[PDB]
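A single chain, nothing else alongside it, follows as structure tokens in the form deposited in one PDB entry.
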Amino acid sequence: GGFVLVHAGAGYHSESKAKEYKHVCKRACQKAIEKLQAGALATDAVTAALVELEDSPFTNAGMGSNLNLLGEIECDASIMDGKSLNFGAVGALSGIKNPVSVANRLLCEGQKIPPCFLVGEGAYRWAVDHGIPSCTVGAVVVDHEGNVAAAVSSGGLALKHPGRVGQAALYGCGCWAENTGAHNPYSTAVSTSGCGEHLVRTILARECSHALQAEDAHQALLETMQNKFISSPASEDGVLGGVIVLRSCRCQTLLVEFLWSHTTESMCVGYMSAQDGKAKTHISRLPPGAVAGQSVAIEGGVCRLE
């Protein structure tokens, strides 16, 4: 049993490539559901989804990331585990194929006070000393027991200054994962996506997880997005971004609400239950007559598991 939601980016519409994003989201979901169905951890299954999305040449992450001011690729990534609340993250990482891998390994290292956030050359050498190959996308996962994990990985802004680290590397901002707890009736997972130099100035992922502790998830996430992306930005333009989201609870059955929302003119997502094994994709668009920056698209389904 298990479930996985992924996204391959929230930005400008590209019918040109819109069907390439659908294909990679599919393979990312399948990779994650195999991992789960083989009994691997949630953080492992989420890392599988992300390796696959990063490897797409069309995703601003891993291979294909935007080049910085120096015509180089510098990556950010982060992952977080719901059961342990442990976290792994890399910033400004160069010459590593799959950043999310460094971030995951940093997390498993921490689960055995180890480092949890490494950047630049420090991050690069650590990564090689731990056996990881040389030379924005996101996933959230729940396993058949209610354990959630989340992850995110970006190439950041095009022509960004060298060493410039953005939301995907930062605790609470790029992704978040938090199992049912005394104050969380729901296990929740969030992965976000930012766009343009204009970016939310909150702990977005963490905010969305707290918001999703209300009773009506759909309304709960829609109000967050309205506040953080549109509303809060006195004299600034709308914030371009996406977010994916899932919350779960036990009632021997797992209830899993799942959602995506975005102010960009579109965003391609991908989901799949282990029970059915049917991998669904869907390119979400903004409704016409709605310009990006002040409209919020939002969509979701639910899913019962064993």
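A residue's number is simply how far along the shown sequence it sits, counting from 1. Take the two forms, find the largest set of C-alpha atoms that superpose within 1.5 Å, and that set is the rigid core.
- The gap between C251 and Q252 holds 10 or more unmodelled residues of the deposited sequence.
- Gap check for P233 to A234: 1 to 3 deposited residues are absent from the model.
- Between 5-13 and 289-297, the higher mean Cα B-factor belongs to 289-297.
- For the two regions 118-126 and 223-231, the entry's Cα B-factors average higher over 223-231.
- Of all the options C173, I113, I79, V141, the entry's greatest CA B-factor is assigned to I113.
- Of the candidates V245, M63, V239, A42, the deposited coordinates give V239 the top C-alpha B factor.
- Split the chain's modelled residues into thirds by C-alpha temperature factor. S94 is in the lowest one.
- Ranked against the other modelled residues of its chain, the C-alpha B-factor of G163 as given in the entry falls in the lowest third.
- When the modelled residues of the chain are ordered by their C-alpha B factor, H183 lands in the highest third.
- Residue-level temperature factors show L85 in the middle third of its chain, judged at the C-alpha atom.
- Per the PDB record, residue ranking by Cα B-factor puts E207 in the middle third of the chain.
The same protein has a further form, the form deposited in another entry, not shown here; the description that follows concerns it.
- Compared between this form and the one not shown on the core, the listed residues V200, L212, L170, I73 keep their C-alpha shifts below 2 Å, save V200.
- Here's the thing about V200 and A297: their CA atoms end up at least 3 Å farther apart in the other entry than they are in this form.
- Whereas the displayed form keeps them at a certain spacing, the CA atoms of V200 and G293 lie at least 3 angstroms farther apart in the other entry.
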